[PDB]
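Notes follow once the structure below has been shown.
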Amino acid sequence: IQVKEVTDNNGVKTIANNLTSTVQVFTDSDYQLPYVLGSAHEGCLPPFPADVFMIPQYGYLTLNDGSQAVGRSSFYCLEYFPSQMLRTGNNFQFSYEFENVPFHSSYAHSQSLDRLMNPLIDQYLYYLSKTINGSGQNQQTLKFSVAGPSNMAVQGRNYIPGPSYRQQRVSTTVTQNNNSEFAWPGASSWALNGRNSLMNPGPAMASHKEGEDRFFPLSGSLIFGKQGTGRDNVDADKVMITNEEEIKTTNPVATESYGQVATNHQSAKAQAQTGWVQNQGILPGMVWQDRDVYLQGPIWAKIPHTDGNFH
Amino acid sequence: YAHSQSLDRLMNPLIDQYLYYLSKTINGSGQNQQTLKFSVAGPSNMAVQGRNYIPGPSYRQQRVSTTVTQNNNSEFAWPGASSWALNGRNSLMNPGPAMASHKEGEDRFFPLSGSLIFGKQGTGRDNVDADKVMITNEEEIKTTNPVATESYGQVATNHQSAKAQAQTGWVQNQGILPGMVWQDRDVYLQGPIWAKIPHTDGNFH
Amino acid sequence: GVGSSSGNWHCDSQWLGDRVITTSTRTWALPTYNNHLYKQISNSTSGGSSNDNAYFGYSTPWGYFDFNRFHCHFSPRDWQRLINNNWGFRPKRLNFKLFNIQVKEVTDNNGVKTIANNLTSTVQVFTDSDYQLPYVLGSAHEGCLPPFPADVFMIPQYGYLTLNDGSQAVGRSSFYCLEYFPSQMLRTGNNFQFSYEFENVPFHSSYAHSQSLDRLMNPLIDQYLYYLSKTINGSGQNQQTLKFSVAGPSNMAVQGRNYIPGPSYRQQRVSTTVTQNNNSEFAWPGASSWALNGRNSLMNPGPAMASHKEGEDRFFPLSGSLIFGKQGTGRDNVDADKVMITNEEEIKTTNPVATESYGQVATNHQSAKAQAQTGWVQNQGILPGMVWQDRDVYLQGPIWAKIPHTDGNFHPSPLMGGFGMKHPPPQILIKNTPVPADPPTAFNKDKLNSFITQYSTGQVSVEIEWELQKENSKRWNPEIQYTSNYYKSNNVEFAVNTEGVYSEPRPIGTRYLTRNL
Amino acid sequence: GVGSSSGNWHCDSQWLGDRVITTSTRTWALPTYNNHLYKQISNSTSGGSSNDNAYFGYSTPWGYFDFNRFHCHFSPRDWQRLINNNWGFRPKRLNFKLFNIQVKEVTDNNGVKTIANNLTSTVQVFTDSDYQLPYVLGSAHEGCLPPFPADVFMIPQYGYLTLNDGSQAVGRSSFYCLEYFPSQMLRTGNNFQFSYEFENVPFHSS
């Protein structure tokens, strides 16, 4: 630790050592302060070991009503904690054991969830294949066929892809996009106490289909800046858009409907009607992968202290 | 086993609840008759009682009758089927989540691809008639699981005011909610025993 | 013996560090139910109804003991202590006693009623410790121990339902005979008792969050993530572009987040200012519901959701909250000033508002042509990364519920509030043993139909040990606490009036202290 | 048991050097008060009054035992002995017994009253040993043990006052439920007793 004092005369700045000054340091080991780590903020240790970095300032938020506070709002004084005081000559250290957490999946699947069958053997299950004998009136019938290697789309399966929350699709070829402003109006969002927040990045979903890597979800992926990139309205060549294409084998595509559901009763009259599923919650028998981690990305987050959570 | 009780019939049929429900919003016919009236939920009105647990999830299927003359005179086996998409490929939702096959007294109806269909001995493989196959029905789980060919329920879709009336919408697919209970699909003498859970980051049930 | 008491009156509370032990004693009366008979009941026997209200079941000659309400154990002052000083609590141990049994016979002449002791009569009592009977506790029924320890209460009658098809029964329907259980028989002089250990359950959250789920960031530091901010350079044709900006303190709505609010099932909004409501009948037609085997049931109270937005406390969800009656309130079509509507406003920091959409989703592909189209989400199921709070418990509300025995469940906390257990406190069943009148002096094979009119009275004691979870907050400013108001009034709140009637003037929740997210 | 006495009649005085031990036994009757109810009372319920006489409080279904008068313990001759021979005295020890409980039920027909035994009924008794209830002894009230040992006396009803503003109550007012205390339950055949040591007090100047 080195503490310096700065004196600024009319036209000169002098920096000197202050051998008797102190720095105060403490760890919030009981988790009594608002946890601002885990919001992907600037101010971490720099990647390059030779870079000297500046320590970020601490601040926090509490309950608000507009710009006003309610009686439930909390004010925290950090001097109301015991802390160690260090002169030049003292050091500080501590140890911590991580909780038991599952391994991160640093692999991609070489199989697809809809292609888990033996491609040589039939199933012993049947599926409805025809409902009319042919053209004409009063041709109703019921015909059934064995599900096999020739028709893999209708085979019975034990597990289904994970949940979805559809995103708008944006092309990096700008001429293919609609000539209008839709960054906020066309975005997926959730509401809390009358406030709208972007669904960003949202549930782990595949970024695009096969051969459509020019498309990306509007706010469904992490976007990093390149070195020297500004902060306001920079072009696409100045940023780095990640894509979760590896999870397309278990996770639905971010910019597509989950599937179709029946929406009526067909009869002899109404025809069979289906509807698109734009958001599908958890169902038993669903499997999914989580979002990948990156060399530039975050490591951990604090689970909020609540009655319930899922995954 | 099958349940001898229904999820909406778990109360004592002799005792009132100590909770109230809104029963009237207008005093009567005419203009400016708005009011709020509340009643005790009891044995006479079991549909409005407060409950602790709700039926499990759903993913609606199309309804097909084994009396073919009752079906629509069109081809809807693929076009009318429930499906899910993966990397641009469509797969049948088959058999899908465990749901009751039909209502009471409607055993002639079956979900389009919501149940296991076995073949009889000597049955062919292409376009065989209904008398050549064996369609299972999960009617025993109707006490906890929603019917496969019905909506889960209704949700509000607007704000009523003095003007817009109260508007509701059908729920065709309902995901997991806290407080939901359900049964799994039955096993059969002809059916499978086990499966391998895919090696993934996450799964549910 | 006849002349010796079988137990004492035990009613107090002990606060012992991280434990609190409550003890309650009450006086009960039990009549003969059903003329000692089992009767089949249905909506046919009740007079008919719609399909949504049909049922089939049985009423029994037995009664049962229920203490599944918090005011059966906590006085208002004890509740104030608990909720003003603790982040959590849960039940651990239970002890139950039944004592000082008195059996009386009633003789009614032409114009006089005489009540006498029957020293040789018995009451039968047993606990359903193996959970073999239909569990009717956990349906928020009347008949619990009264809140006021001086009130003498009448034991409710036991009945149950089974599978029905209209008013008819199917072959799967079960009939239960409660005499087919071993039970203890008590004369005046005998007592009954048993002990029970609660399952391991999570602590109830008797706190509110002082942070919002969308306000968990440092308000001084930018993110290192970018968001799309512009798609057109300006007015005119062929102005397509892609512009990106850093998400920071100036635009908190577009920041990347790790966790999202819990699930929703939208309710209709009703104003307590009636002139603001639509001039039509929408109590049933406008209500949220779920269907089971062709029957519609109200979604009530449904998933735990915030009752209203900030500053809109006059609105409440149609069937999304518990409504209690005030003392002396009737049962049919009472006005709003006669009922007490609870509000779960404390969970607005994690849970979506009950009368709003969850959010918006994309519903098409924009291109150069179709514009970007979004749709409202009226019901959102569980997603990974969602967090939520459960419904609060109240001094007047239920404590526990039995989780249904099923293959699967998710977060089995009871939706009306409390602790969900696979093995909850067992049902306690009690009945006066029938005493025949004089039989004929020639043999008759038919079952006896003439009985002596009897009833019974006694004392019941319940002792529960609860574990507490204390607060160690570092908040500097004072908290919100439940308190009485000093301003003068005709009566004292939570006391008796001049006529001797005890009343509870308001519902009291548990969430007054605060915690961070 | 029903047929066995729970205690004997003890009533005399023993003069033992620098000690005197008094013993008194009386016969009491206790009715049902308030129809088993707690009632709020005030000068409003009493009919109104001036400001100096306003009050707010509660009457309870309980009665209480009071012996806070000297003639409950000293006969006139014993009092004469004490005051003619001593400069001082003070109380040291107390023992209290309640026994031979009899519970009767009353039936009133059109023109006849019948009283019978109820062998299975109970009386509840407890001492406020932690001084948690309003102390209404020490206000020179009626209802103590009678001076004459042959007089049968009726147990007075318990009530108390709290803070009032006119006939109204403020938020600081306390309501006490006496069923919220542990108490002993006695059938005919049970008895109750307890002991108490007096605080150190100065001798009274006789």
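Ordered as shown in the structure tokens, chains take letters A, B, and onward, while each chain numbers its residues from 1 and ligands are numbered from 1 in the order shown.
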
* Going by DSSP on the backbone, which bits of region 211-377 of chain C are strand (DSSP E or B)? Write them as a ChimeraX atom specification, please. => /C:223,225-232,240-246,260-261,264-265,269-271,289-292,295-298,306,315-317,323-325,334,339-341,353,359-362,367,370,374-377

Shell of 7 Å around region 20-34 of chain A, only C-alpha atoms, local chain residues under 3 positions omitted, as a PDB file with C-alpha atoms, in the first residue's frame:
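Printed below is selection_31.pdb as written:
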ATOM      1  CA  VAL A   3      -0.680   6.644   0.070  1.00  0.00           C
ATOM      2  CA  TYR A  60     -26.529   0.939  -4.774  1.00  0.00           C
ATOM      3  CA  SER A  83     -12.802  -2.978   8.767  1.00  0.00           C
ATOM      4  CA  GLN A  84      -9.041  -3.407   8.810  1.00  0.00           C
ATOM      5  CA  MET A  85      -6.891  -0.269   8.695  1.00  0.00           C
ATOM      6  CA  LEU A  86      -3.621  -0.440   6.766  1.00  0.00           C
ATOM      7  CA  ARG A  87      -0.626   1.865   6.765  1.00  0.00           C
TER       8      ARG A  87
ATOM      9  CA  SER C 473     -29.724  -6.430   9.181  1.00  0.00           C
ATOM     10  CA  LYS C 474     -27.196  -3.638   8.690  1.00  0.00           C
ATOM     11  CA  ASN C 516     -31.969  -7.227   0.295  1.00  0.00           C
TER      12      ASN C 516
END

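The shell of residues at most 12 Å from residue 154 (chain D), with only C-alpha atoms counted and near chain neighbours (fewer than 6 positions) removed, consists of residues 26, 27, 28, 29, 30, 31, 32, 33, 63, 64, 65, 66, 142, 143, 144, 145 and 146 of chain D.
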
* To do: Please provide the set of residues having any atom within 7 Å of residue 154 (chain A), restricted to only C-alpha atoms, with same-chain residues fewer than 6 positions apart removed, written as a VMD selection string.
  => (chain A and resid 147) or (chain B and resid 91 to 92)

Quick one: residues within 6 Å of region 199-205 of chain C, only C-alpha atoms counted, chain neighbours fewer than 3 positions away excluded, as an mmCIF file with C-alpha atoms, in the first residue's frame?
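Result went into around.cif, see below:
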data_model
loop_
_atom_site.group_PDB
_atom_site.id
_atom_site.type_symbol
_atom_site.label_atom_id
_atom_site.label_comp_id
_atom_site.auth_asym_id
_atom_site.auth_seq_id
_atom_site.Cartn_x
_atom_site.Cartn_y
_atom_site.Cartn_z
ATOM 1 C CA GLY C 88 -38.598 -16.348 9.461
ATOM 2 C CA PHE C 89 -40.406 -19.055 11.359
ATOM 3 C CA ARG C 90 -41.597 -22.627 10.924
#

* To do: Go through region 44-163 of chain B and collect every residue that DSSP, computed from the backbone, puts in helix (DSSP H, G or I); the answer should be as a ChimeraX atom specification.
  => /B:46-48,68-70,130-132,139-143

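The spacing separating CA of residue 143 (chain A) from CA of residue 134 (chain B) amounts to 12.6 Å.
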
* Asked: Which residues come within 7 Å of region 41-53 of chain D, counting only C-alpha atoms, excluding same-chain residues fewer than 2 positions away, as a list in words?
  ->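 Everything that qualifies: residues 498 of chain C; 39, 55, 56, 57, 58, 59, 166 and 167 of chain D.
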
* To do: Could you list, as a PyMOL selection string, the residues of chain C having an atom within 8 Å of chain D when counting only C-alpha atoms?
  => chain C and resi 1-5+7-12+102+112+114+117+149-150+188+484-492+495-500

Please produce a file of the residues just selected, as an mmCIF file, in the first residue's frame, where the atoms kept are C-alpha atoms.
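result_12.cif, written as the output of this step:
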data_model
loop_
_atom_site.group_PDB
_atom_site.id
_atom_site.type_symbol
_atom_site.label_atom_id
_atom_site.label_comp_id
_atom_site.auth_asym_id
_atom_site.auth_seq_id
_atom_site.Cartn_x
_atom_site.Cartn_y
_atom_site.Cartn_z
ATOM 1 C CA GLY C 1 -62.200 -41.396 38.478
ATOM 2 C CA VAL C 2 -65.452 -39.453 38.341
ATOM 3 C CA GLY C 3 -64.410 -36.902 40.970
ATOM 4 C CA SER C 4 -60.868 -36.202 39.746
ATOM 5 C CA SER C 5 -59.859 -33.830 36.966
ATOM 6 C CA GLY C 7 -56.041 -32.274 33.057
ATOM 7 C CA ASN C 8 -55.341 -28.619 33.691
ATOM 8 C CA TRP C 9 -55.871 -25.450 31.668
ATOM 9 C CA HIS C 10 -52.637 -24.636 29.802
ATOM 10 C CA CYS C 11 -52.616 -21.473 27.704
ATOM 11 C CA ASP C 12 -49.586 -19.178 27.301
ATOM 12 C CA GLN C 102 -68.458 -34.902 30.217
ATOM 13 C CA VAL C 112 -89.659 -29.285 29.718
ATOM 14 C CA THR C 114 -83.906 -31.901 31.412
ATOM 15 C CA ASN C 117 -75.013 -36.630 33.479
ATOM 16 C CA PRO C 149 -59.665 -18.456 24.572
ATOM 17 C CA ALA C 150 -62.944 -17.867 26.441
ATOM 18 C CA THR C 188 -65.566 -39.367 32.241
ATOM 19 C CA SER C 484 -51.572 0.096 17.230
ATOM 20 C CA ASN C 485 -52.816 3.651 16.739
ATOM 21 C CA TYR C 486 -53.027 5.915 19.777
ATOM 22 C CA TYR C 487 -56.057 7.900 18.577
ATOM 23 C CA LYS C 488 -59.097 7.447 20.803
ATOM 24 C CA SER C 489 -61.961 5.141 19.847
ATOM 25 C CA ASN C 490 -65.111 3.606 21.296
ATOM 26 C CA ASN C 491 -63.523 0.142 21.556
ATOM 27 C CA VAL C 492 -60.046 -1.354 21.775
ATOM 28 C CA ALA C 495 -60.841 -6.913 22.330
ATOM 29 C CA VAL C 496 -64.468 -7.423 23.335
ATOM 30 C CA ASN C 497 -67.203 -4.808 23.062
ATOM 31 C CA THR C 498 -69.894 -3.949 25.614
ATOM 32 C CA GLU C 499 -71.904 -7.030 24.580
ATOM 33 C CA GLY C 500 -69.022 -9.476 24.984
#

* Identify, on the basis of only C-alpha atoms, every residue whose closest approach to residue 31 (chain C) does not exceed 8 Å; exclude the query and any residue fewer than 4 positions from it along the same chain; express the result as an NGL selection string. => :C and (155 or 432 or 454-456)

* Rank C:243, C:77, C:92, C:338 by their smallest atom-to-atom distance to residue 37 (chain B), using only C-alpha atoms, and report the top residue only. =>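 Looking at the shortest contact to residue 37 (chain B), the residue is C:338.
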
* To do: Go ahead and compute the interatomic distance for CA of residue 77 (chain A) and CA of residue 480 (chain C), in Å to one decimal.
  => 18.6 Å

Counting only C-alpha atoms, give me one row per residue of region 98-174 of chain B with an atom at most 7 Å from an atom of region 372-391 of chain C, showing the shortest contact pair and its distance in Å to one decimal, sorted by chain then residue number, as a Markdown table.
| residue | atom | partner | partner_atom | distance |
| --- | --- | --- | --- | --- |
| B:155 | CA | C:378 | CA | 7.0 |
| B:157 | CA | C:378 | CA | 6.6 |
| B:174 | CA | C:381 | CA | 6.6 |

* May I ask which of the residues A:208, A:72, A:231, A:311 is the closest one to residue 212 (chain C), counting only C-alpha atoms? =>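 Counting only C-alpha atoms, the residue closest to residue 212 (chain C) is A:72.
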